[PDB]
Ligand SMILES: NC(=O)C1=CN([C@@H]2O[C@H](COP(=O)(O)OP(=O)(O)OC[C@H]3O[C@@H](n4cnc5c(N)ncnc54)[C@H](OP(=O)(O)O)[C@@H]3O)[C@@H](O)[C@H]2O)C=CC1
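For reference, the chain that follows is the form deposited without the named molecule, supplied as structure tokens.
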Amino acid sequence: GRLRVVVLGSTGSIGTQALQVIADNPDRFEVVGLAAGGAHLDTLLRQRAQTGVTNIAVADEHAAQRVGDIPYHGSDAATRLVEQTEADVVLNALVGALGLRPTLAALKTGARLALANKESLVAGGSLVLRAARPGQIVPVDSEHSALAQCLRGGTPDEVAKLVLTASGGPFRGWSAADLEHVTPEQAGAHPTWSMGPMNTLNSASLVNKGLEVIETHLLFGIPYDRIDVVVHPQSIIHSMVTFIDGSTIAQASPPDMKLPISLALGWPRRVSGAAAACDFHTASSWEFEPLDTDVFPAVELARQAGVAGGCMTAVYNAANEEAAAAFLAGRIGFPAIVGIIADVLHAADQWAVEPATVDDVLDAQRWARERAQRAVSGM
């Protein structure tokens, strides 16, 4: 009855919330593994003391002189923890490149993978899919969690459309001309040595939604031409599924990541009192409007990369990271982020091949960065 949980990336926002859900629900879950990168050693050590969990890994080579009592440490040590720890669920909330090998290891163990790491699907693609059995991957992000719930409304042959909702970001309703000269600070993107500013930039870019469309295709096996994005400023409905008879099923909740986290951990069972429900005793309205795809071409560009397949989505994401970083640094204008991704992709025919190994994904990503760094440089 009690599920054994490995929490990877335990010190970040997703990992800390998952540990609160588990602490609230010791009848349903027990923590059996923790992993974080060496920069987060002090917090990881606090978690060991608080959870009493000693099976912990420092997920990289860093803090190398302070790991004398850590059971796993070094490059790829989170993968080793996953390989060696009996569990029912691996929550992978590692950030970026770190997340890929532990995802692959988790799938090989036969455990459920509660996947928070975007890298795994966006870059890994068919590497990750070929390692998974049907139903083994359960998403942690609000939208994909919404979609997985709404897909319960019918059999696969009855699915007409998947509809992801999007806030539209801070430039919702702006013209191309309006966006020509915006600053990173106008996007709500301010410095911090984390993926925070990148994440907020991707939200302004609509690249966030592009990535979520890619993840949707891979998670649910629905063609790109049947994955739509709708703007919904309230973010109460987190996504919807439209079925062949005309019926749409939607999932709605006040924003709170503990809900989709709880569900991914307990899948298929829901977790009592994980989050607060919508209160239908106070007036509200849920608004929907089309995405302006002329102004925000990032989403259709993600579909184009996705349709090409293989390492093309790794290329899309890696080119975005470089271009977005350039925009953050004040080196390029806002429109050039997606302009650069498009340029890199146009040159990227060699990367439509499926990746044979992790190294092919890494090669595609290095190529894409180099290619994006060139585009940025002149300009």
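Shifts are known only where both forms have a C-alpha. Residue numbers here begin at 1 and follow the sequence given. Take the two forms, superpose them, and find the largest set of C-alpha atoms that agree within 1.5 Å; that set is the rigid core.
Although it is not shown, the form deposited with the named molecule bound is what the next lines describe.
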message = Quick check: superpose the C-alphas round the site, drop in the named molecule from its position in the entry with it bound, and tell me whether this chain leaves it open or blocked (blocked if 3+ atoms sit within 2.4 Å of backbone or C-beta).
response = blocked
Triple contact flag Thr11, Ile14 and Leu94 to the named molecule in the entry with it bound, non-hydrogen atom at 4.5 angstroms = yes
request  = Mark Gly38 yes when one of its heavy atoms lies within 4.5 Å of a heavy atom of the named molecule in the entry with it bound, and no otherwise.
outcome  = yes
request  = Indicate whether the named molecule has at least one heavy atom within 4.5 Å of a heavy atom of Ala59 in the entry with it bound.
outcome  = yes
ask   = Does the 4.5 Å heavy atom contact test between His217 and the named molecule in the entry with it bound come out positive?
value = no
task = Classify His73 as contacting or not contacting the named molecule in the entry with it bound by the rule of any non-hydrogen atom within 4.5 angstroms, answering yes or no.
result = no
request  = Sort through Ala308, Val182, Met257, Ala250 and report the residue having a heavy atom within 4.5 Å of the named molecule in the entry with it bound.
outcome  = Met257
ask   = Using a 4.5 Å cut on heavy atoms, which of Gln186, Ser194, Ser175, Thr293 is close to the named molecule in the entry with it bound?
value = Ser194
Stretch from 296 to 304, 150 to 158, 270 to 278, 113 to 121 whose residues place a heavy atom within 4.5 Å of the named molecule in the entry with it bound = 113 to 121
message = Within 4.5 Å of the named molecule in the entry with it bound, counting any non-hydrogen atom, which residues from 134 to 166 show up?
response = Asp141
inquiry  = Given a cut-off of 2 Å on Cα movement between the shown form and the other one, rigid core as reference, pick the single residue from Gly110, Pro268, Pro255, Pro191 that exceeds or meets it.
reply    = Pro191
query = Rigid core fitted, is the C-alpha displacement of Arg28 between the shown form and the other one 2 Å or more?
reply = no
request  = State yes or no: after fitting on the rigid core, is the Cα displacement of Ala59 between the shown form and the other one at least 2 Å?
outcome  = yes
task = Please say whether the CA atoms of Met195 and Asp256 come closer or move farther apart in the entry with it bound, knowing the change relative to this form is 3 Å or more.
result = closer
Sense of CA distance change between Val361 and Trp193 in the entry with it bound, threshold 3 Å = farther
ask   = Where does the protein shift between the shown form and the other one, taking runs of 3+ residues with every CA moved 2 Å or more once the core is matched?
value = 59 to 62, 190 to 195
